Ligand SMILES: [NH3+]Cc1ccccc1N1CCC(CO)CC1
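Just one chain is shown here, as structure tokens, and it is the form deposited without this ligand.
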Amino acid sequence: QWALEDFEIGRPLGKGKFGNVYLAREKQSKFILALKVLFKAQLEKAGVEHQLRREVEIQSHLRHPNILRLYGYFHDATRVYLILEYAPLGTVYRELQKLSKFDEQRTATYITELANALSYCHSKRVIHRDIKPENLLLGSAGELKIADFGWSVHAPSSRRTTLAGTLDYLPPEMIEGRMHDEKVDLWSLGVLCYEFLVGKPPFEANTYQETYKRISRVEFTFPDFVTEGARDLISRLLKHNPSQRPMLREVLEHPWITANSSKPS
């Protein structure tokens, strides 16, 4: 169906491990979109074709306003091209580097938008497993959108792929290679809530080996400026035991969320 020839390419939007993402406009319709470019050689040397297919499968079929759309794909012997919804206000990552810390209202609104999208996902037993600021994008009204379903699967699951980069958002069961479920995304939600308020993730460390130690032991402390209600939500989400983590509904109905979020469930 589609091919490269159908598109005028524009400025580089961002870069990932395999992904190189470009602004693009579709010649006949003038539709603006984002083109994610993957190199087949890199994909094969890493053996992550199954991830690519899972990404295309899962994300093309989901439909939620806080989830980034995927319209289609094509290839051309060197590369694979995913055709995505363009997010005009960039990443949450970028926004956090601009402001250093988010206030409480900004944080709770992001958490609500996140919890809504994740609840939709979990209702299909889809778990994302790679929730972090580089993979959260912003729509034209500033609304949060989850993206990059490269690592998503159906629960329950084990991990058959090597953990490549940062450990900062992964729960103890994932880094210890154990079996896991939905509750992994709840842990990541706690990590995110903390990093939104403090400006760095709660188990951050200088080396891999040490980050690993801080996560399996759940060693984190709060700065003075973190309020009691934020502390309560975060302490509930960062439980070593998955079953002790709240349901998403309890996150959306938590007093601190309801008092600070400007969007509803």
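Numbers follow the displayed sequence, beginning with 1.
Only in words, not in the display: the form deposited with this ligand bound, which the text now covers.
*Work out which of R231, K200, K40, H240 lies within 4.5 Å of this ligand in the bound PDB entry, going by heavy atoms.*
It is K40.
*Could you tell me if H75 has a non-hydrogen atom within 4.5 Å of this ligand in the bound PDB entry?*
Flag for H75 set to yes.
*Is there any non-hydrogen atom of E204 lying within 4.5 Å of this ligand in the bound PDB entry?*
Result no; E204 lies far from this ligand in the bound PDB entry.
*Hey, in the bound PDB entry, is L52 touching this ligand, heavy atoms inside 4.5 Å?*
Result yes; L52 sits at the interface with this ligand in the bound PDB entry.
*asked:* Taking this ligand as it sits in the bound PDB entry, is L192 in contact with it (heavy atom to heavy atom, 4.5 Å or less)?
replied: So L192 does not count as contacting this ligand.
*Hey, which residues along 78-103 are within 4.5 angstroms of this ligand in the bound PDB entry, non-hydrogen atoms only?*
Just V80.
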